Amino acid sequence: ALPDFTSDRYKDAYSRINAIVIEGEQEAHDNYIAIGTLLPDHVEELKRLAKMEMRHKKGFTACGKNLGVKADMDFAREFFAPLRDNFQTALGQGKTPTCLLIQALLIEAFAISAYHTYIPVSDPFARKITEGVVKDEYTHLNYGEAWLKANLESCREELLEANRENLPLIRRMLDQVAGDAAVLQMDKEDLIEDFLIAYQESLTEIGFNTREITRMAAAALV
């Protein structure tokens, strides 16, 4: 059953979830612009992807305002810090495959799962905004898949390392958000299932085989 969007219980949980989504979208904008420094010939396309993320950020900010919720931005900045630090380390080292696995694969799959899971339990205003964001996230996943597919033979080992290092951070993020997501009437098992399907499908598209993907998804056990 649909949550009571007006309750103090719902608004409290929404203040943290809404802040996480707003921060995630800002970091996604910043990440695609940063990847433009590593792929100078991709700048115009990366600018278009980054502009989409800012449109998403604005839409999710309006979701919070619509419910009379003040987003807990400090909570959201801490939530992304471990993954943000790994993206910044990779960026500084010029490690384009790791930057793309973090943003274009892991984060886009986590957003797709979160948005798909939220849609059926969302208020009417946020439902339309969320439905209107999901198609773009598939475009972002496709962009990352395409580059990694084209460059797989040169970056195989780096991707296995990036997955080993960062997939457990996504799992920790899922563990951390689960309580508030349950107040929002979202089941953690649906979040995990949708995320693993999106991520496993992206890896298949890139060119990893069933054994490789199984070994990769098992990195979440750390």
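Throughout, we count residues from 1 along the sequence that is shown.
- When the mean C-alpha temperature factors of 69 to 77 and 106 to 114 are read from the deposited coordinates, 69 to 77 comes out higher.
- Mean CA temperature factor is higher for 150 to 158 when stretches 150 to 158 and 26 to 34 are set side by side in the entry.
- Residue-level inspection of the entry shows that, of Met52, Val177, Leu46, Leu167, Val177 has the top Cα B-factor.
- The deposited CA B-factor of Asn209 belongs to the highest third of values across its chain.
- Sort the modelled residues of the chain by CA B factor and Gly92 lands in the highest third.
- Among all modelled residues in this chain, the alpha-carbon of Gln200 has a temperature factor (C-alpha) in the highest third.
- When the modelled residues of the chain are ordered by C-alpha B-factor, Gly59 sits in the lowest third.
- Among all modelled residues in its chain, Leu83 ranks in the middle third by Cα B-factor.
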